[PDB]
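Undergrad: If it helps, the file is called input-v9.txt and holds compact mmCIF, C-alpha atoms:
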```txt
# COMPACT_ATOMS: atom_id res chain seq x y z
CA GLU A 214 -22.60 53.52 54.02
CA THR A 215 -23.72 51.69 57.16
CA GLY A 216 -25.24 54.98 58.30
CA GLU A 217 -27.33 55.29 55.14
CA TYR A 218 -28.31 51.61 55.21
CA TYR A 219 -29.60 51.92 58.79
CA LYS A 220 -31.08 55.32 58.00
CA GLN A 221 -33.30 53.51 55.50
CA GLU A 222 -33.62 50.39 57.66
CA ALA A 223 -34.82 52.32 60.72
CA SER A 224 -37.55 54.10 58.75
CA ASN A 225 -38.56 50.81 57.14
CA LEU A 226 -39.01 48.94 60.43
CA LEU A 227 -41.29 51.50 62.09
CA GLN A 228 -43.68 51.51 59.11
CA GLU A 229 -44.42 47.81 59.67
CA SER A 230 -44.49 47.37 63.46
CA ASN A 231 -45.55 49.34 66.51
CA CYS A 232 -43.13 50.68 69.11
CA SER A 233 -43.78 47.72 71.43
CA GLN A 234 -42.12 45.16 69.13
CA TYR A 235 -39.95 47.78 67.41
CA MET A 236 -37.54 47.37 70.33
CA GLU A 237 -37.21 43.62 69.78
CA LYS A 238 -36.52 44.04 66.06
CA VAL A 239 -33.91 46.74 66.68
CA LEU A 240 -32.33 44.78 69.54
CA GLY A 241 -32.46 41.81 67.19
CA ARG A 242 -30.40 43.90 64.76
CA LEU A 243 -27.82 45.43 67.12
CA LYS A 244 -27.20 42.02 68.67
CA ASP A 245 -26.70 40.59 65.17
CA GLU A 246 -24.69 43.62 64.04
CA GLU A 247 -22.27 43.32 66.96
CA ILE A 248 -21.69 39.69 65.97
CA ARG A 249 -20.86 40.54 62.36
CA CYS A 250 -18.90 43.64 63.37
CA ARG A 251 -16.34 41.43 65.12
CA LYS A 252 -16.33 38.83 62.35
CA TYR A 253 -15.11 41.32 59.72
CA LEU A 254 -13.79 44.64 61.01
CA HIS A 255 -10.88 45.71 63.17
CA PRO A 256 -11.51 45.74 66.94
CA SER A 257 -11.04 49.52 67.04
CA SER A 258 -14.16 50.02 64.89
CA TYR A 259 -16.55 48.19 67.25
CA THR A 260 -17.37 51.37 69.18
CA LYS A 261 -17.76 53.42 65.98
CA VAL A 262 -19.98 51.18 63.85
CA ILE A 263 -22.39 50.56 66.74
CA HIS A 264 -22.41 54.27 67.59
CA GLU A 265 -23.18 55.00 63.93
CA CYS A 266 -25.76 52.20 64.08
CA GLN A 267 -27.62 53.69 67.05
CA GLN A 268 -27.31 57.27 65.82
CA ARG A 269 -29.20 56.42 62.61
CA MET A 270 -31.57 53.91 64.25
CA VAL A 271 -32.36 55.29 67.74
CA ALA A 272 -31.19 58.89 68.05
CA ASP A 273 -32.65 59.62 64.62
CA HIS A 274 -36.15 58.49 65.65
CA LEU A 275 -35.85 60.01 69.11
CA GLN A 276 -39.21 61.79 68.92
CA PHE A 277 -41.00 58.52 68.14
CA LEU A 278 -39.48 56.88 71.21
CA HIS A 279 -40.25 59.69 73.66
CA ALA A 280 -43.80 60.13 72.37
CA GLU A 281 -44.78 56.50 72.99
CA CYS A 282 -42.73 55.77 76.14
CA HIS A 283 -45.55 57.36 78.15
CA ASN A 284 -47.69 54.31 77.42
CA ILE A 285 -44.77 51.93 78.01
CA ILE A 286 -43.89 53.20 81.48
CA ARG A 287 -47.41 53.79 82.77
CA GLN A 288 -48.41 50.16 82.28
CA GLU A 289 -45.71 48.33 84.31
CA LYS A 290 -44.59 46.53 81.14
CA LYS A 291 -41.68 44.56 82.58
CA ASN A 292 -40.56 42.88 79.35
CA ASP A 293 -41.12 46.01 77.24
CA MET A 294 -39.67 48.87 79.30
CA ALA A 295 -36.49 46.83 79.75
CA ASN A 296 -35.86 47.03 76.01
CA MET A 297 -37.01 50.65 76.05
CA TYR A 298 -34.21 51.61 78.45
CA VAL A 299 -31.30 49.89 76.71
CA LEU A 300 -31.99 51.72 73.44
CA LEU A 301 -32.19 55.12 75.15
CA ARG A 302 -29.13 54.40 77.31
CA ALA A 303 -26.76 54.90 74.37
CA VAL A 304 -28.29 58.16 73.13
CA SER A 305 -27.00 61.07 75.20
CA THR A 306 -30.25 63.07 75.17
CA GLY A 307 -32.66 60.13 75.14
CA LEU A 308 -32.40 58.89 78.72
CA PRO A 309 -33.23 62.17 80.58
CA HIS A 310 -36.76 62.15 79.13
CA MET A 311 -37.50 58.64 80.41
CA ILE A 312 -36.47 59.33 84.01
CA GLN A 313 -38.54 62.53 84.07
CA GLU A 314 -41.63 60.70 82.82
CA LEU A 315 -41.16 57.89 85.36
CA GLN A 316 -40.70 60.54 88.05
CA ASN A 317 -44.18 61.72 87.09
CA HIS A 318 -45.43 58.13 87.12
CA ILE A 319 -44.37 57.61 90.74
CA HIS A 320 -45.95 60.95 91.63
CA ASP A 321 -49.27 59.88 90.14
CA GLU A 322 -48.97 56.34 91.53
CA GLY A 323 -48.18 57.62 95.01
CA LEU A 324 -51.09 60.06 95.05
CA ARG A 325 -53.43 57.24 94.04
CA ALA A 326 -52.24 55.23 97.05
CA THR A 327 -52.26 58.14 99.52
CA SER A 328 -55.76 59.44 98.82
CA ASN A 329 -58.26 57.06 100.47
CA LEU A 330 -56.87 57.54 103.97
CA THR A 331 -59.14 55.68 106.38
CA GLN A 332 -59.52 57.83 109.48
CA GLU A 333 -59.32 54.90 111.92
CA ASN A 334 -55.93 53.63 110.69
CA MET A 335 -54.30 56.74 109.23
CA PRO A 336 -50.66 56.22 110.32
CA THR A 337 -50.19 52.51 109.57
CA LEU A 338 -51.93 52.78 106.19
CA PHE A 339 -49.99 55.85 105.05
CA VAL A 340 -46.58 54.39 105.90
CA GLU A 341 -47.42 51.04 104.31
CA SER A 342 -48.72 52.66 101.12
CA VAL A 343 -45.46 54.59 100.68
CA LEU A 344 -43.44 51.49 101.57
CA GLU A 345 -45.45 49.39 99.11
CA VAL A 346 -44.84 51.93 96.34
CA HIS A 347 -41.15 52.21 97.23
CA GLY A 348 -40.75 48.47 97.81
CA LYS A 349 -42.27 47.50 94.46
CA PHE A 350 -40.77 50.23 92.27
CA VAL A 351 -37.25 49.67 93.60
CA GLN A 352 -37.65 46.13 92.24
CA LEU A 353 -38.47 47.50 88.78
CA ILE A 354 -35.29 49.59 88.78
CA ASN A 355 -33.46 46.45 89.95
CA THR A 356 -35.15 43.73 87.85
CA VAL A 357 -36.04 45.11 84.40
CA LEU A 358 -33.77 48.15 84.74
CA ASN A 359 -30.31 48.81 86.13
CA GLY A 360 -29.98 50.60 89.44
CA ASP A 361 -28.84 53.86 87.88
CA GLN A 362 -28.67 56.80 90.27
CA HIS A 363 -30.60 58.80 87.67
CA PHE A 364 -33.60 56.53 88.22
CA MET A 365 -33.02 56.18 91.96
CA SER A 366 -32.86 59.96 92.32
CA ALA A 367 -36.00 60.15 90.18
CA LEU A 368 -37.73 57.81 92.63
CA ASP A 369 -36.46 59.76 95.64
CA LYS A 370 -37.53 63.10 94.16
CA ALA A 371 -40.94 61.66 93.29
CA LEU A 372 -41.48 60.04 96.69
CA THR A 373 -40.38 63.25 98.43
CA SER A 374 -43.12 65.21 96.66
CA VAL A 375 -45.93 62.71 97.27
CA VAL A 376 -45.06 62.23 100.95
CA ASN A 377 -44.78 65.98 101.58
CA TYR A 378 -48.12 66.69 99.91
CA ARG A 379 -48.76 70.34 100.77
CA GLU A 380 -52.38 71.34 100.27
CA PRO A 381 -52.94 75.07 99.66
CA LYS A 382 -53.15 77.10 102.91
CA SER A 383 -52.99 73.75 104.78
CA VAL A 384 -50.23 71.84 106.55
CA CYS A 385 -48.97 68.50 105.29
CA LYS A 386 -49.90 65.50 107.41
CA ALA A 387 -46.67 63.59 106.69
CA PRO A 388 -44.88 64.55 109.97
CA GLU A 389 -48.01 63.73 111.97
CA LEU A 390 -48.78 60.42 110.25
CA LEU A 391 -45.23 59.04 110.46
CA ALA A 392 -44.88 60.10 114.10
CA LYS A 393 -48.20 58.48 115.00
CA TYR A 394 -47.06 55.30 113.24
CA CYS A 395 -44.19 54.97 115.72
CA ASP A 396 -46.48 55.55 118.72
CA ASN A 397 -49.05 53.06 117.42
CA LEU A 398 -46.28 50.44 117.15
CA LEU A 399 -44.41 50.87 120.45
CA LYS A 400 -47.58 50.45 122.55
CA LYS A 401 -47.66 47.37 124.77
CA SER A 402 -51.45 47.73 125.05
CA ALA A 403 -54.01 45.87 122.90
CA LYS A 404 -52.09 43.35 120.72
CA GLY A 405 -48.31 43.25 120.61
CA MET A 406 -46.06 42.30 117.72
CA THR A 407 -43.01 40.84 119.56
CA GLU A 408 -39.56 42.45 119.76
CA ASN A 409 -38.20 41.18 116.44
CA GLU A 410 -41.13 42.09 114.19
CA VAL A 411 -41.58 45.62 115.57
CA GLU A 412 -37.97 46.61 114.91
CA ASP A 413 -38.25 45.11 111.42
CA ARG A 414 -41.15 47.44 110.61
CA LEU A 415 -39.34 50.38 112.21
CA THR A 416 -36.23 49.61 110.16
CA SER A 417 -38.33 49.96 107.01
CA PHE A 418 -39.98 53.04 108.53
CA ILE A 419 -36.70 54.93 108.07
CA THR A 420 -37.20 54.82 104.29
CA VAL A 421 -40.44 56.78 104.64
CA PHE A 422 -38.78 59.06 107.19
CA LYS A 423 -35.94 60.04 104.85
CA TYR A 424 -38.38 61.69 102.42
CA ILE A 425 -39.83 64.04 105.05
CA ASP A 426 -39.11 67.58 103.87
```
Have the structure of the file written as structure tokens, please.
TA:
Amino acid sequence: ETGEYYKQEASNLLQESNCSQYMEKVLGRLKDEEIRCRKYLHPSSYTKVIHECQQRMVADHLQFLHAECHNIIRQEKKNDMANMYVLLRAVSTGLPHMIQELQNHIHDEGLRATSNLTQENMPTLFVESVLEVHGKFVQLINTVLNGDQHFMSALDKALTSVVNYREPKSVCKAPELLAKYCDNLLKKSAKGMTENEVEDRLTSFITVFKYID
């Protein structure tokens, strides 16, 4: 009976609100349902009512979630993709679509950064652009998401592809740019950057180095 009630309730909520605030209404229901599930039922039914709740409220409308999550992820919606993940976490086949789409988002975000390579500062700009993408997106997986290895591997697979950008019949410049970054930093000539600050940048340089194919 709670399956049929949330089969009707799930279809009723989407017809009134968009997918952005659909998450809040559904999370406003599961949070309330978990409260009343422990006020009435036996403790052994907590993991079966909620599973029946999400099956008829999330896994049922799985196509609606995957179709619109493209707009959610590719807008850096912090407060909206957080609720998007927790609903798809429970469904077995819901989560693998979100990581794949984010893996494409990092690929497109990285290529946008690594396209206007100024010829006078090629190595420092390329390493910093990859570090800025990695340094900001690791926060998203650690602030509005949980540091799941599925997402972290999605980031690593995406950053591996964008760093090792192989043009047709042409060699990738990733080994040359990263190597030149080290040489441009260990030079005592021109302006130095002290002992402590140089090794700090080189410590973060390893993150870019690990994605070299």
Undergrad: Quick one: residues within 12 Å of region 227-244 of chain A, all atoms listed in the file counted, chain neighbours fewer than 6 positions away excluded, as number ranges by chain?
TA: A: 219-221, 250-251, 259, 262-271, 274-286, 290-301, 303
Undergrad: Which is closer to residue 320 (chain A) than all the others in A:376, A:338, A:357, A:308, using all atoms listed in the file?
TA: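 Ranking A:376, A:338, A:357, A:308 by distance to residue 320 (chain A), first place goes to A:376.
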Undergrad: When distances are computed from all atoms listed in the file, which of A:272, A:395, A:423, A:373 shows the smallest separation from residue 305 (chain A)?
TA: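 Looking only at the distances to residue 305 (chain A), the closest residue turns out to be A:272.
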Undergrad: Write out as a list in words which residues come within 8 Å of residue 327 (chain A) when counting only C-alpha atoms, dropping same-chain ones fewer than 3 positions away.
TA: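 Final neighbour list, sorted by chain and number: residues 323, 324, 330, 339, 342 and 343 of chain A.
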Undergrad: Return as JSON the box centre and box size in Å, one decimal, for an axis-aligned box around all listed atoms of region 264-273 of chain A padded by 4 Å per side.
TA:
```
{"center_x": -27.5, "center_y": 55.9, "center_z": 65.3, "size_x": 18.2, "size_y": 15.4, "size_z": 13.4}
```
